[PDB]
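Colleague: Here it is: the structure, laid out below.
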Amino acid sequence: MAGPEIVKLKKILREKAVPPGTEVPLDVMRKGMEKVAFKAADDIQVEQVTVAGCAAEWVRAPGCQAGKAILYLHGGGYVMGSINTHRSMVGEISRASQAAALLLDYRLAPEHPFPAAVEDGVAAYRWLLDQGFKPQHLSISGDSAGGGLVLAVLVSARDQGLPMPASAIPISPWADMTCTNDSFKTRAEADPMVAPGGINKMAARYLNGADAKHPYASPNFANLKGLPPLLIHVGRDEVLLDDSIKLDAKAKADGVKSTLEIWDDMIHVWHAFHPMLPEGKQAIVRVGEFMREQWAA
């Protein structure tokens, strides 16, 4: 059944990984993601902007429609990640969708704990709408921590009277901080990426004493009535599989139009590895078709 690339990518991930008791300090972790981050295609142009007091970059592939925009929330556990780490994958999401991405460098824990990143998001989305972007022309997308953050923004912004955008594509969402799901054991051998209580210590760092079940911290527990069509990518072989099944069933319970795709043999944000993974390339293609189907409706 399994691609030759994912087998090789799996084997490499496993080769270069730290061995878990290992407490890698925060900024050793941060410096690593930065240094190994893939370089965007050079047909991606970028334009640095400041949004809600945060650094951002409009990320435009070739072929964008003006009027359409992605608000993008990067992964990294709420503790790490940046515009630089994520520009590759996003520019290809910008390509696939033919929409420019706003790629926020929202406030990271522990220097800025929860709900700091939710505020940046909400405020970023308000900012988009104030640049004259109609909700119908907007989309929110993100990976790992950033895929839960997507939902935590949509919930927050709804409670605040903000119109919903046309779509929401969480990628491998981390939508439950209390990290409890069957998958933390069942999928744990097969995940070369999420370990942990590497993830446990991230929650620690982001919550900083807050209720792990706080709807904006963990949107798997939020009321989701009214959020717009969801496309949710997860991989089979990930510790976060349950996050995505629980959230799909919660969306549906709440009245949401929700499509969960579980992609067999795949890892965490397998997207991010499109330069070397036919599936990352395929799944990015599909994020954008769906931001595009939601835009035609």
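All Cβ positions, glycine included, derive from the backbone under ideal geometry; neighbour counts span all protein chains shown. Just so you know, all these numbers are worked out from the coordinates, no wet-lab data involved.
Colleague: Name the pairs: first residue in the stretch 75-86 and under 16 Å from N208 (Cα atoms), second residue charged (D, E, K, R) and part of a helix (DSSP H, G or I), Cβ to Cβ under 7 Å, at least 6 apart or on different chains?
Modeller: Hits for this filter: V79/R205; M80/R30.
Colleague: If you check every pair at least six apart or on different chains, which have Cβ atoms under 7 Å apart with a residue in the stretch 43-54 that is more than 14 Å from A100 (Cβ to Cβ) first and a residue that is outside any strand (DSSP E or B) and among the acidic types (D, E) second?
Modeller: Once the first residue is more than 14 Å from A100 (Cβ to Cβ) and sits in the stretch 43-54, its partners that are outside any strand (DSSP E or B) and among the acidic types (D, E) give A52/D120; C54/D105; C54/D120.
Colleague: Then there is this: Here are some residues: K68, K35. Which one is without any contact (Cβ under 8 Å) to a residue 12 or more places away in the chain, of a type in the set (D, E, K, R) and more than 18 Å from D143 (Cβ to Cβ)?
Modeller: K35
Colleague: Would you tally the residues in the stretch 142-159 being in contact with a helix residue (DSSP H, G or I) (Cβ under 7 Å, 6 or more places away or on another chain) and more than 15 Å from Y78 (Cα to Cα)?
Modeller: 3
Colleague: Mind checking which residues of the stretch 183-208 are more than 16 Å from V79 (Cα to Cα) and either assigned to a helix (DSSP H, G or I) or touching a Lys or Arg at 6+ places or on another chain (Cβ under 6 Å) (or both)?
Modeller: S183, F184, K185, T186, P192 - these are the residues of the stretch 183-208 that are more than 16 Å from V79 (Cα to Cα) and either assigned to a helix (DSSP H, G or I) or touching a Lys or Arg at 6+ places or on another chain (Cβ under 6 Å) (or both).
Colleague: When you scan the stretch 234-254, how many residues do you find that are crowded, with 20+ Cβ neighbours inside 10 Å, closer than 18 Å to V153 by Cα and either touching a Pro at 6+ places or on another chain (Cβ under 8 Å) or among the basic types (K, R) (or both)?
Modeller: Total satisfying the criteria: 3.
Colleague: Filter the stretch 103-130 down to residues that are aliphatic (A, V, I, L, M) and in contact with a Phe, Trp or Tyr (Cβ under 6 Å, 6 or more places away or on another chain) and give me whichever is nearest to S82 (Cα to Cα).
Modeller: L103
Colleague: For the stretch 55-74, give me the residue count where each residue is of a type in the set (G, A, S), part of a strand (DSSP E or B) and buried (at least 22 other Cβ atoms within 10 Å of the Cβ).
Modeller: Of the residues in that region, 2 qualify.
Colleague: Quick one: which residue in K31, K39 is part of a loop (DSSP other than H, G, I, E, B), of a type in the set (D, E, K, R) and under 21 Å from the mean Cα position of the chain (by Cα)?
Modeller: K39
Colleague: Which is surrounded by 17 or more Cβ atoms within 10 Å (Cβ to Cβ), assigned to a loop (DSSP other than H, G, I, E, B) and under 17 Å from the mean Cα position of the chain (by Cα), of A217, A168?
Modeller: Of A217, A168, the one residue that is surrounded by 17 or more Cβ atoms within 10 Å (Cβ to Cβ), assigned to a loop (DSSP other than H, G, I, E, B) and under 17 Å from the mean Cα position of the chain (by Cα) is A217.
Colleague: Could you tell me whether any residue of the stretch 255-264 is buried (at least 24 other Cβ atoms within 10 Å of the Cβ) and on the phi < 0 side of the Ramachandran plot?
Modeller: no
Colleague: Residues of the stretch 32-60 being in contact with a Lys or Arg (Cβ under 6 Å, 6 or more places away or on another chain) and over 25 Å from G148 (Cα atoms), which ones?
Modeller: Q45
Colleague: Using beta carbons and a limit of 7 Å, which pairs, at least six apart or on different chains, have the first residue in the stretch 238-262 and within 16 Å of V194 (Cβ to Cβ) and the second one among the small types (G, A, S) and part of a loop (DSSP other than H, G, I, E, B)?
Modeller: Between residues of the stretch 238-262 that are within 16 Å of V194 (Cβ to Cβ) and residues that are among the small types (G, A, S) and part of a loop (DSSP other than H, G, I, E, B), the close pairs are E238/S172; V239/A188; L240/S172; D243/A175.
Colleague: Quick check on this structure: which one of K8, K16, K31 is of a type in the set (K, R), more than 27 Å from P135 (Cα to Cα) and exposed (fewer than 11 other Cβ atoms within 10 Å of the Cβ)?
Modeller: Among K8, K16, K31, only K16 is of a type in the set (K, R), more than 27 Å from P135 (Cα to Cα) and exposed (fewer than 11 other Cβ atoms within 10 Å of the Cβ).
Colleague: Only one of these conditions is not met by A52: (1) hydrophobic (A, V, I, L, M, F, W, C); (2) in contact with a helix residue (DSSP H, G or I) (Cβ under 6 Å, 6 or more places away or on another chain); (3) surrounded by 20 or more Cβ atoms within 10 Å (Cβ to Cβ). Which number is it?
Modeller: The failed condition is (3).
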